[PDB]
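Asker:
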Amino acid sequence: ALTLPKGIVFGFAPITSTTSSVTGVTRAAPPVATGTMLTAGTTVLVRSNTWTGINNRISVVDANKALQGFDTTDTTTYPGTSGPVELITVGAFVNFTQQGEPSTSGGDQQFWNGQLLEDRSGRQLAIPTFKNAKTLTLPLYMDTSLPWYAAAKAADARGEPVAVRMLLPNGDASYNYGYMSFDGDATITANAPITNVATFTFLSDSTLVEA
Amino acid sequence: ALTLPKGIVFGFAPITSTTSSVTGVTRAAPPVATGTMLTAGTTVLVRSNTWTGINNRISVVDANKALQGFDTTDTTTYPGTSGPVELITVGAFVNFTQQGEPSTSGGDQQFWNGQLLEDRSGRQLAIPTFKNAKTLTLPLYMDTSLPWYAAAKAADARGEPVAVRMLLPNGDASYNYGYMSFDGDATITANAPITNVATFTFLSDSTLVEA
Amino acid sequence: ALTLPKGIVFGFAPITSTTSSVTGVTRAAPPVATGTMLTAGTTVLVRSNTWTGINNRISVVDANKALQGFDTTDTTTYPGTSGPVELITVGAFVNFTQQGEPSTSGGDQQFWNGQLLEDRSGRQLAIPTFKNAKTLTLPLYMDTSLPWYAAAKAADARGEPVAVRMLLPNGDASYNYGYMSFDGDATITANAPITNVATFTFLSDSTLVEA
Amino acid sequence: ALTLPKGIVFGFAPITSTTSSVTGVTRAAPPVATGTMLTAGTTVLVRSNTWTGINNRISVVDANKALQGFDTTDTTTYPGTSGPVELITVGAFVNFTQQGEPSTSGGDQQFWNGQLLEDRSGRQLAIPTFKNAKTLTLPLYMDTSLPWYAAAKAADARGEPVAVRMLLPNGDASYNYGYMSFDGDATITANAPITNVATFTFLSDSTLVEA
Amino acid sequence: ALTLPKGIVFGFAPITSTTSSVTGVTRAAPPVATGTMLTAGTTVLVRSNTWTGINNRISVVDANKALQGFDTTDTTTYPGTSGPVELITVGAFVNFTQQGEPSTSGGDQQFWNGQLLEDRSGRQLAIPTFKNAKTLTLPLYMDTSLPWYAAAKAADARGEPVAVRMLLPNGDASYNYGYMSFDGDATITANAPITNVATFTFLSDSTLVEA
Amino acid sequence: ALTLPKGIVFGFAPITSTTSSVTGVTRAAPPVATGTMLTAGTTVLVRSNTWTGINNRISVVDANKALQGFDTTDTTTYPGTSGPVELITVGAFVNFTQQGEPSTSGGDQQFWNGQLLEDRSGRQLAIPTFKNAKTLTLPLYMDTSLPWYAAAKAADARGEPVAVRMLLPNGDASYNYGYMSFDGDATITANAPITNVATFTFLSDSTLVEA
Amino acid sequence: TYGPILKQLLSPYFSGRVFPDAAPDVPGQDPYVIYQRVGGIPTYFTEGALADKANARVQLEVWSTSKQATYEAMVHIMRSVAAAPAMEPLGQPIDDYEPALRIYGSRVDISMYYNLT
Amino acid sequence: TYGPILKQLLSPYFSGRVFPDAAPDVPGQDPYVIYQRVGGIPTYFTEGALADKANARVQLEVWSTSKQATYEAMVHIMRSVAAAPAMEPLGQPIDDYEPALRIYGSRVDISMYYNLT
Amino acid sequence: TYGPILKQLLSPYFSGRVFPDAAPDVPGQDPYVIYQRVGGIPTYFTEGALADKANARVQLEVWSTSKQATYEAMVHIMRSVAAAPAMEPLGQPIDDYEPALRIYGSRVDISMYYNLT
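Written out as structure tokens, the structure is:
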């Protein structure tokens, strides 16, 4: 056990417009896209309606025809049949270099407050709802003549969601769907070199493409 | 890599009234001002409308006839044709001496808050907008009989934008367009000499005149 | 360079009612009061209307007939002709003794906030206005049988502006126009002697009578 | 110089109802009560109307017939004639014993805020008014069988002003007019003995009966 | 002097319904209940109306027929005659064991704010009113099989005032009338044993049954 | 540009009784006087009959012998051909000092709404007609020995509409015509300095005078 | 330590008995002073140069043979340094005794701004 | 310590009398300098590599025989290091004395960014 | 210290001259490395067991005879440890000199996650 935070390399990719409508996601096994012609090993967004937990997540076509990273065998909260499903292909990944110490922040949960009068001891109830958004920060060391600089600045200016990858040295990954802010401006300090900051934000659940 | 914050010398210049209207900014290459008679090597403001990212930035006429520091080859967010473009010539630069430790502060990003009710887990969305203004501070050591003192006090009293330069010892520069506040009053401390503060504020993007 | 904060002695003087109306302030040179009969070397307030930067400042009649400490050669923001000018003579200065460590506080600048929607990147503008008031504090060591005690208490009770001098050991001065609060009450501490506080506040710019 | 805060012993006294109406307070000298029959050496309140600075202060009848501690020779803010003056005799003083470290707190001054638009530099004005109330604290060590305990508790319960004395070891005094709160309840700590707190508050100026 | 906070043992008792109406409380001496048949040495509440300072205090019948702990010889604020007086007998005391460090908190006093305009110096008045409630905390070490646990939990659930005793090792006591909250839930820490908290609150003055 | 209200000085001047009628008012070009003796720089009241656009406004003589503020090209809204246009000079201008925060008025356009017969879906008529009456309230701080005080205490008794100036820092102006009033004194607020409410009112067009 | 502006200031009382960092081989029974630099506050401009004045915190020690002599020497040093153009005394003296030579000492810190060149 | 970029910078004044961590067996009566690395700030990228430049805080000591010589040597060192491409002096010099050899010392810290390879 | 995963990593450059806590009796003039464990971060589960991996902060020292040799050895150690599966270098090297043997030293801390069994 004890996964370690060493060797983690980040990276982001744009969302293209090529689309498919493969149907046949089976709830029993790790879900399968029946008859898709997409070559096994392409990261593809899933935007299928009529299902709750597969709204805006990201996965890879692998194994025979399945999208590993889903466990939709639970069906008391997963009613109906699959039907039509959207599949948008994601582009290539641009990898950050010269990074600092990532520091995830946020993700607290906001209870409800209010009490039933009848209680003799006047107990106060707390009902959990509305988990806060979870962000990420990743200080970088500035250099204008690097591939990630221009791509990050452009993807900031576009103002559209991207697909963030968090690649462990083991060979796994943790794909996310969310926005991506960038600074692109020097941050002078006492003696440390010029530092540059790239903030993240996740709009859905996280997946794990086991490898 | 690892640009270092040593030997940085600041400086500001007024904005004059001499104007031109050179047309012919080409999107493909580093943009070129066709047929301008301005001598190569003059820092000139650009205030051309109908384009988003070239509103109030500053550059130098160099190479053959181009203004290095622009990368308007992206055109999905840069629609139309150049047409008329304004060019205002900037004066000479007055250099600060006896400076302290610059400390950039600000530049955070203000998300949006709000949630879709339909989510079973009650996920909270964060949408990025409205990046905060980024300032700068630069403590100086007071001396009334110095060239920068009178110029800074006058440029404060005028209440008009100036052009701030951040000259690295390498020979590069990072021109900005923005206001410029000054203190001009003693700040007595325990034992350190009398200190004087000059605050900055940037109203556009930053350019890099490679040299 | 490097003016040092050692040997600084403060002091305040009342504002009398003797008045003159000398005319003829010339913008070109260090301004001159034409034909004034006041003996050279008297600190005199200037309350001349129709000019922006000479409203409530203080200076000394010196040299031949000029009031050193003014640089009204700039005239793009100094329009019109001098005309009538007021001159009120200031009394004698009462010097503080047994002082502590002065600590100037305040003088920050309050920007404007608000953004242009059209910006693709959603840039936020900051416009500088409304610099905060700048105060001063000067702890003293209490003694009832001293000349400054009665004068300071009376000048507090009067509730009128005074003229504050900040005399460097070199022989220069920095006259100010502003109010003057006093405590006049013991401030007992753990073991240090009884301390007494005298707060200042400046209602105009500061002058420097070079000597 | 350098008065030291060692050996200071506090104490309070009630205000009785015996009253007189001696007239003849002379502004020139240290003020004199003409023809009063009160034995020299009795602390007497002064509640004479039609004068600003002698409203609710306390003094002693001493010398020949004067009340040392007043300096009403200034008359530009002291208009009119004395006329009738009230004199209430104060009782005997009960002295605190087993005291801790007094710590005066408060007494700040609340400026005015607001700016004249006409100023080119947008100067902000600060006008001093409304000095805050000045309190005092004096931790004591609890003991029920002591003379000061019952007197302090009763004078708290009465809810009326008293006359606070601050007796220096030199032999001087600093009489005040103000309220007097008491705690009278144990304050248990980690290891220090039980502590008891007595708060003060001054409703007028302070006097100094030189001795 | 110097009472020490070592060996203090707390304890609480319920308030029963047995009542009497003994009359004859004499103001001169330590007050006496004339002709009461209650055995000397029983802690009895006093709820006699028409008197200000004897509203909800607690005392013991001792000496011959007096209730030591009262000093109602002051009568300028104690007008009228005793008349009818209520006496409710209090039950037996349950003593806490395994206690921590008590820490009294609160009991500050809230002045009034506001100023008389006429004052030339603009003095600000502070008028004392409305002393805050004074609480107490007493961390305990949890053990379910102890006599105080069940009694404290039940007396919390009842929601009625109790009578709190603070027994010094000398043999004295300090009875109070007030509520009593309890936690009754584990508070896990880093390494210290499980801790349990019992909060107090006093609704009247405190008495001292000298012994 | 985004200018700010910093040096916005307001002024007024009573109109004299002179009448100068020199024709030359056209529609193709700005109205121009031909060979008049009014040197440029002294403002003129213009109330040309048979021309609605210059009904009750005021400009200043500029060009060589002309007045600006009328350089339109529409023909259906400016009838007639020149006519008896009178030129009334306006007295010496007096500026207010120590101005407060201005206040606008209702900027809502009055309507003319009804109902139509041919509709089957209940469409409601809505025809806005004309803007509502405008007023400007400018609070002003206390002084007595200032010329504008006498000017206002005379202009309130005069009871005539006056030409009002609104000025800008860089030389611009806006000469209008409309009502004004001055309430005198007795505006006593809580703790701010005494103010003097002043009220304007406008009925016609306001010109713009570049300078 | 800037030697000359301290030696010329402290010479008249001690008759030139001021030494840097070390007492001479035979210093005598008369009081003498030893000064030594033990740090300071930087005065280095970020642009790439340092000012012509530099702060320096010096230490001082007087070593007489009688207690009264060293007390007077220390009080004179404190007065002359507190009434000086650019120096300021911080802290209070600390005593010391040397049994082998039977001499009494003292010690106080001084903050001073001297001319680098 | 990156030797060459310090030795070539400080050679002209000291005539090549700069040594790492130790003075030679017979160093002479002329001033000489000893430098030694005593820490720094990390420049290690989290991705699994370290940059081609690395910070290092070096120490410096000048050991002349006369006080004036060491004062001039230290001030020259401070000027030449404050007017340098990538170095910066932090702190102020501290003096020291060695009675056995009768030499005067000095000591100041330097922050420098050198080329790792 | 987990010996094998450090010895096999640092053997090729030093030819197997890595020793735990002590140099051998006759170590020679060639550079060698000494490692020693000086603390770490706990990895103990509260339920009553400890994980199969445990953190440990080791120290390293290279002792050559020439300055260049120890500089190269330290830079190689830093590179090889910063490009490693589970180790990370924290801090910067500190130099040292041993006059008796005339050898130059170095010292740097390493944070590493090793396999307990």
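So the sequence lines, in the order shown, correspond to chains F, B, A, X, P, Z, U, D and W.
Quick note, the deposited numbering runs 1 ahead of the 1-based positions in the first sequence.
Quick note, the deposited numbering runs 1 ahead of the 1-based positions in the second sequence.
Quick note, the deposited numbering runs 1 ahead of the 1-based positions in the third sequence.
Quick note, the deposited numbering runs 1 ahead of the 1-based positions in the fourth sequence.
Quick note, the deposited numbering runs 1 ahead of the 1-based positions in the fifth sequence.
Quick note, the deposited numbering runs 1 ahead of the 1-based positions in the sixth sequence.
Quick note, the deposited numbering runs 1 ahead of the 1-based positions in the seventh sequence.
Quick note, the deposited numbering runs 1 ahead of the 1-based positions in the eighth sequence.
Quick note, the deposited numbering runs 1 ahead of the 1-based positions in the ninth sequence.
Just so you know, even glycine gets a beta-carbon here, dropped at the ideal spot from N, CA and C.
#1: Can the beta-carbon of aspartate 144 of chain F be found closer than 8 Å to that of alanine 212 of chain B?
#2: Do the stretch 56-69 of chain P and the stretch 107-114 of chain P make contact, defined as three or more Cβ pairs closer than 8 Å?
#3: Among F:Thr27, F:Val26 and F:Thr17, which residue has its Cα nearest to the Cα of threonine 44 of chain F?
#4: Give the interface partners of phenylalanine 131 of chain X over in chain Z, defined as CB-CB distance under 9 Å, in chain order.
#5: Is it the case that the CB of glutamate 119 of chain Z approaches a heavy atom of the ligand ADP more closely than 7 Å?
#6: Just checking, does the stretch 66-74 of chain U make contact with the stretch 99-117 of chain U on the three C-beta pairs under 8 Å criterion?
#7: Distance, Cα to Cα, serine 83 of chain F vs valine 26 of chain F?
#8: What do you get for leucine 117 of chain B, buried or exposed, if any count of 16 or more other CB atoms within 10 angstroms of its CB means buried?
#9: My output table needs one value for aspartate 63 of chain A: the three-state DSSP class, helix, strand or coil.
#10: Using the three-state DSSP reduction, which class does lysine 68 of chain D fall into: helix, strand or coil?
#11: Identify, in the order they occur along the chain, each residue of the same chain with its Cβ nearer than 6 Å to the Cβ of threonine 196 of chain X, setting aside the five sequence neighbours on each side.
#12: Find the residues of chain Z that neighbour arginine 121 of chain X, judging by a C-beta separation of less than 7 Å, and give them in chain order.
#13: Please report whether the beta-carbon of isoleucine 189 of chain A lies at a distance below 8 Å from any beta-carbon of chain Z.
#14: Where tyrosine 79 of chain X and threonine 73 of chain X are concerned, what is the direct C-alpha to C-alpha distance, given to the nearest angstrom?
#15: With a threshold of 7 Å on Cβ separation, who are the neighbours of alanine 41 of chain P within its own chain once the five nearest residues in sequence on each side are excluded?
#16: Who are the Cβ neighbours of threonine 44 of chain W in its own chain at under 8 Å, not counting the five residues just before and after it?
#17: Please work out which residues of its chain come closer than 6 Å, Cβ to Cβ, to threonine 19 of chain F, disregarding the five sequence neighbours upstream and downstream, and give them in chain order.
#18: What does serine 205 of chain A pair with, by DSSP beta-bridge criteria?
#19: Tell me which residues share the same chain as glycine 172 of chain X and place their Cβ nearer than 7 Å to its Cβ, disregarding the 5 neighbours each side in the sequence.
#20: Kindly indicate the opening and closing residues of the beta strand (DSSP E) around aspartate 157 of chain F.
#21: Under 8 Å, do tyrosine 178 of chain P and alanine 164 of chain P count as touching if we go by C-beta distance?
#22: Alpha carbon to alpha carbon, how far is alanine 153 of chain Z from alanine 127 of chain X?
#23: Find out if the Cβ-Cβ distance for the pair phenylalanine 97 of chain B, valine 10 of chain B is shorter than 8 Å.
#24: Report the residues of the stretch 16-39 of chain D with a CB closer than 9 Å to any CB of chain W, ordered along the chain.
#25: Using a Cβ cut-off of 8 Å (strictly closer), state whether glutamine 110 of chain Z contacts chain X.
#26: In three-state terms, what does DSSP make of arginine 80 of chain W?
#27: For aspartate 22 of chain D, tell me which candidate among D:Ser12, D:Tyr33 and D:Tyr14 has the shortest Cα-Cα distance.
#28: Let me confirm a value: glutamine 30 of chain U is counted as buried when at least 16 other C-beta atoms fall within 10 Å, else exposed. Which label applies?
#29: Note down, in chain order, all residues in the stretch 87-111 of chain F with a beta-carbon under 9 Å from any beta-carbon belonging to chain D.
#30: Report the CB separation of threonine 208 of chain P from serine 60 of chain P in whole angstroms; it is logged as a contact under 8 Å.
#31: Within its chain, find whatever has a CB closer than 6 Å to the CB of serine 112 of chain D; leave out the 5 residues flanking it on each side and keep chain order.
#32: So with Cβ pairs under 8 Å, would you call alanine 127 of chain A a contact of chain B?
#33: For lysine 54 of chain D and chain C, any beta-carbon pair shorter than 8 Å?
#34: Which residues in the same chain as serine 182 of chain B place their Cβ atom closer than 8 Å to its Cβ, once the five residues preceding and following it in sequence are excluded?
#35: Can you name, in chain order, every residue of its own chain whose Cβ lies under 6 Å from the Cβ of residue 222 of chain B, other than the five neighbours on each side?
#36: Ordered along the chain, which non-local residues of its own chain (more than five positions away) have a Cβ less than 6 Å from that of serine 21 of chain P?
Answerer: In this structure, then:
#1: no
#2: With the cut-off at 8 Å, the stretch 56-69 of chain P and the stretch 107-114 of chain P do not touch.
#3: F:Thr17
#4: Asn192
#5: Absence of the ligand ADP from the depicted structure is noted, as is the absence of any ligand whatsoever, leaving it without description.
#6: Using a Cβ-Cβ distance cut-off of 8 Å, the stretch 66-74 of chain U and the stretch 99-117 of chain U are in contact, since at least three pairs of beta carbons, one from each stretch, lie closer than that value.
#7: Going by the C-alpha atoms only, they are around 6 Å apart.
#8: Under this definition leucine 117 of chain B is an exposed residue.
#9: strand
#10: helix
#11: Cβ neighbours of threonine 196 of chain X beyond the five flanking positions: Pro140 and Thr188.
#12: Think of a sphere of 7 Å around the beta carbon of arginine 121 of chain X: the chain Z residues whose beta carbon falls inside it are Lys7 and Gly8, in chain order.
#13: no
#14: 8 Å
#15: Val62 and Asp63
#16: The beta carbon of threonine 44 of chain W sits closer than 8 Å to those of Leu51, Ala52, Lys54, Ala55 and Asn56, all from its chain and outside the five residues before and after it, given in chain order.
#17: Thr90
#18: Paired residues: none, contrary to the question.
#19: So the qualifying residues of the chain are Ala212.
#20: Looking at the DSSP string, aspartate 157 of chain F is not in any beta strand (DSSP E); the run it does join, the alpha helix (DSSP H), is 148-159.
#21: yes
#22: Annotation: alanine 153 of chain Z to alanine 127 of chain X spans about 28 Å, alpha carbon to alpha carbon.
#23: yes
#24: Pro21, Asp22, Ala23, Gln37, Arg38 and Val39
#25: no
#26: helix
#27: D:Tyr33
#28: exposed
#29: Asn96, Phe97, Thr98, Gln99, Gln100, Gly101, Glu102 and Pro103
#30: 6 Å
#31: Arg58, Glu89 and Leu91
#32: Yes, because at least one Cβ of chain B sits closer than 8 Å to the Cβ of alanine 127 of chain A.
#33: The chain inventory of the structure shown lacks chain C, comprising the protein chains F, B, A, X, P, Z, U, D and W.
#34: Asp157, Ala199, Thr200, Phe201 and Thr202
#35: Nothing about residue 222 of chain B can be read from this structure; chain B reaches only from 2 to 212.
#36: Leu88
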